[PDB]
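Chains as they are written, first to last, in full-length UniProt numbering: chain A, 787 to 835; chain B, 3 to 103; chain C, 3 to 103.
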Amino acid sequence: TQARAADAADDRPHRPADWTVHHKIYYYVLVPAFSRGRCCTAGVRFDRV
Amino acid sequence: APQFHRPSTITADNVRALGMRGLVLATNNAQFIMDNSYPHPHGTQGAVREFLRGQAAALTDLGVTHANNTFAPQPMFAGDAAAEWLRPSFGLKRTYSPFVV
Amino acid sequence: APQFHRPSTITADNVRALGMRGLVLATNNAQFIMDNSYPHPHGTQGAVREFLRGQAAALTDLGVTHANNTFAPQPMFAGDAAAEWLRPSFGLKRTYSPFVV
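The structure is reproduced here in structure tokens:
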């Protein structure tokens, strides 16, 4: 999921360290405020998509 | 010709040789009762493996036919250029309208 | 040719053979006085039953005269696709402009 299609790695993190922290602030904090408890996280059928 | 109510007949090349316009209709004109007596050897879910190798291949056959319709798609991101040492690498946010008049 | 002041005259074939444009003027040029000499064999409500089996059968008969003006009726709801093990079933909200030029 990195930008460089040429540069892939096994274990090296290409995103910054704050990239992961900003995610949990979004989904766990802003999302319950705007959903007010009506939202879900669904598994994906990529074959049918 | 591929038949969508038989599993062991659906391959990629039987789909790729058909155009993407008629590929919509052939899955829309199959039989609602499926024949299961001749299954695909890699599982029935393995029949889904080959067909999404098949539509993705026929995207390119649609892509060649509109190469006279769009321009050349440049690299999107930096770090990919030939002479990076006297001038740097850009990358085009593919946001314009590629259209050949 | 049905006479709408006599309830024992209206059949489905007397209404369907008459055109939808001519059905407007045939009923509007009828008689105010309702004759009670020959009632309908299924009662007076039995003629109200038979009166609508001829009109609504001309909905598709006017659809034939308008079939060269719109497109084929797509599925509008779920569970309607041929190869449902590889791709699902859609349904068109007919919010577009069905019109054939």
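For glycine and all other residues, C-beta sits at the position ideal for the given N, C-alpha and C.
- Residues of chain A with a Cβ closer than 9 angstroms to the Cβ of residue 48/B do not exist, since the nearest Cβ in that chain sits about 11 angstroms away.
- In this structure, residue 18/B sits away from residue 48/B, with a CB-CB distance that is not shorter than 8 angstroms.
- The beta carbon of residue 32/B sits closer than 8 angstroms to some beta carbon of chain C.
- At a C-beta separation below 7 angstroms, residue 790/A has these neighbours in chain B: 79 and 81.
- Between residue 65/C and residue 78/C, the C-beta spacing is not below 8 angstroms.
- Residue 32/B and residue 7/B do touch by the CB rule: their CB atoms are close to 5 angstroms apart, below 8 angstroms.
- Among the residues of chain C, those whose CB is under 9 angstroms from the CB of residue 29/B are 83, 84, 85, 88 and 89, following chain order.
- By the rule that beta-carbons nearer than 8 angstroms mark a contact, residue 797/A does not touch chain B.
- Between residue 23/C and residue 12/C, the alpha-carbon positions lie close to 18 angstroms from each other.
- Shown in chain order are the members of the segment 46-77 of chain B whose Cβ falls below 7 angstroms from a Cβ of chain A: 50 and 54.
- For the 8 angstroms CB-CB criterion, residue 817/A and residue 826/A do not form a contact.
- The three-state secondary structure of residue 72/C, taken from DSSP, is coil.
- Counting of Cβ neighbours within 10 angstroms places residue 53/B among the buried residues, the total reaching 16 or more.
- For the segment 798-809 of chain A, there are no residues whose beta carbon sits under 8 angstroms from a beta carbon of chain B.
- Counted as a single uninterrupted DSSP element, the alpha helix (DSSP H) harbouring residue 818/A occupies residues 817-821.
- Residue 62/C is positioned such that its CB atom lies no closer than 8 angstroms to that of residue 9/C.
- Distance from the CA atom of residue 67/C to the CA atom of residue 14/C, rounded to whole angstroms, is 20 angstroms.
- Boundaries of the alpha helix (DSSP H) harbouring residue 63/C: 59-67, taken from the DSSP string.
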